[PDB]
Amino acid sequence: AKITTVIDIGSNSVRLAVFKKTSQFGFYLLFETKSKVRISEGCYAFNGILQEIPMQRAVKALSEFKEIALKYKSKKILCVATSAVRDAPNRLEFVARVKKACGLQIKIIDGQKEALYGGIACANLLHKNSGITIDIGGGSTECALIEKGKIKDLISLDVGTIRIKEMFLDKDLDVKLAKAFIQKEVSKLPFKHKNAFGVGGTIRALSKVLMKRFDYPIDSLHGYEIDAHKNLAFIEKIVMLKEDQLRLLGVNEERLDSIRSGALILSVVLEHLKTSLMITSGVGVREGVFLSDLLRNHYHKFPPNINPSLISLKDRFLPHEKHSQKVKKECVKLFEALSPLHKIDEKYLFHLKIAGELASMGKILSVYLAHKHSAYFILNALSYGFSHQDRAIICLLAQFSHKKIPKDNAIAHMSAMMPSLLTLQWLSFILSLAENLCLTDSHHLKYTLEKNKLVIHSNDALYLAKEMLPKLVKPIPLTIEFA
């Protein structure tokens, strides 16, 4: 199927995502949305029986999600339902009402399969290979243990934002009683890990709060890294704030009434898992469902050196992809030839290579200021499998090809672990020279270094590359000569 829709019927949000497959492993999100259906509303006092008005909302929302699926030409529609529906004594009647109302067939999935879908999404689309997912939803919480990219254990707990809200916080029961109820279940998690992968609306909402509080310069939550020890006190503080204080923190209206129980659950989980770093995930069940299919014949794992963001970016914006292979190759040779001078950690060849592949991507928008467009593309869409640092470096290399990187760059100082200006200027200068040298179909280039003299060996005239040489911004005083 070229276009596939996933519908994730949660206990609070119902989510929709439309995926377009661009190659064997390349894909991107054509459309996504979520609706605050809260099918679980009022069910927890009636033995999980889904109530009439909430069921009516679900049907109406699901009908429009189906319309959206067909509006985008989906060849397949996969619909899964989690905690509130699987717990519900009348679950089979709701499934039947939905089928009769719109022809959608719902597959109730158990907690372990829900944990797996979140694990699959995070194991493949984040930048850490090992860790534990935390998928806090309105009705349940899933944790999947991931080790070097493979799922090793799945657990689902019957604690969720709306469950806690209706059983405890709505009744003005002391928050201590809710914490105990949560801890009693969180005790059952049989594993610990320095890394956690934060999944779901509570955690993404909390991540937006933290980004705003610390004036974070990158506006995308997929991959945002949270120091769990530093921030656990604030997370616990959120549990007891009132609605207007949450508003001042930036929480949107629709999320005000569930975020505090959600924050309580997250705090108990993080304490138990001994998490030190939580990475915010922009993906979860709906993406994992799609990947279960995409990767069904590949053991639910992208092959080594297969990155779906990189690949889909090239399918969308660079389908004649040999030029960029040459620039990458020359960037490698240049980096080796100059290593006596720059002595930069070869870990940064990773970023240089990718900037080599992507630096002319923005010409599909305009050939004027093309590198500025490439940088924009890279910063906003090179997401799966890249840290924010990885993205910022690659972005800067492309953005400042043939230019001086400012001292005052927000992205460059995004973190104290970022590479130095000089290192960034070196890699950008290398990218620039490689680009100049690959302008034509010049072949068999060789670089030698003697003192501060770079010599470019070629039997080609390289007339245009020689003409452009003075427009390079060198990282240090260095002479470039053509032999």
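Each residue number is its position in the shown sequence, starting from 1.
Colleague: If you average the Cα B factors in the entry, which is higher, 198-206 or 164-172?
Modeller: Per the PDB entry, the higher value belongs to 164-172.
Colleague: Comparing 328-336 with 256-264, where is the mean C-alpha B-factor higher?
Modeller: Taking the mean C-alpha B-factor of 328-336 and of 256-264, the larger value falls to 328-336.
Colleague: Considering only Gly149, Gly284, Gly137, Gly111, which residue's Cα atom bears the greatest B-factor as recorded?
Modeller: Among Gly149, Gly284, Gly137, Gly111, the highest C-alpha B-factor in the entry belongs to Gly149.
Colleague: Per the coordinate record, which of the options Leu454, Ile39, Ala69, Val59 holds the highest CA temperature factor?
Modeller: Comparing C-alpha B-factors across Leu454, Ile39, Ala69, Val59, the maximum falls on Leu454.
Colleague: Within this chain, which third does the Cα B-factor at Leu478 fall in: lowest, middle or highest?
Modeller: It falls in the top third of the chain.
Colleague: Which third of the chain does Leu431 land in by C-alpha B-factor: lowest, middle or highest?
Modeller: Lowest third.
Colleague: Compared with the other modelled residues in the chain, in which third is the CA B-factor of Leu445?
Modeller: According to the entry, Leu445 has a C-alpha B-factor in the chain's highest third.
Colleague: Could you place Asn307 in the lowest, middle or highest third of its chain by Cα temperature factor, using the values in the record?
Modeller: Answer is highest: the recorded C-alpha B-factor places it there.
Colleague: Taking the values exactly as deposited, rank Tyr216 by C-alpha B-factor within its chain and report the matching third: lowest, middle or highest.
Modeller: Its C-alpha B-factor, which the entry lists for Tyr216, ranks in the highest third among residues of this chain.
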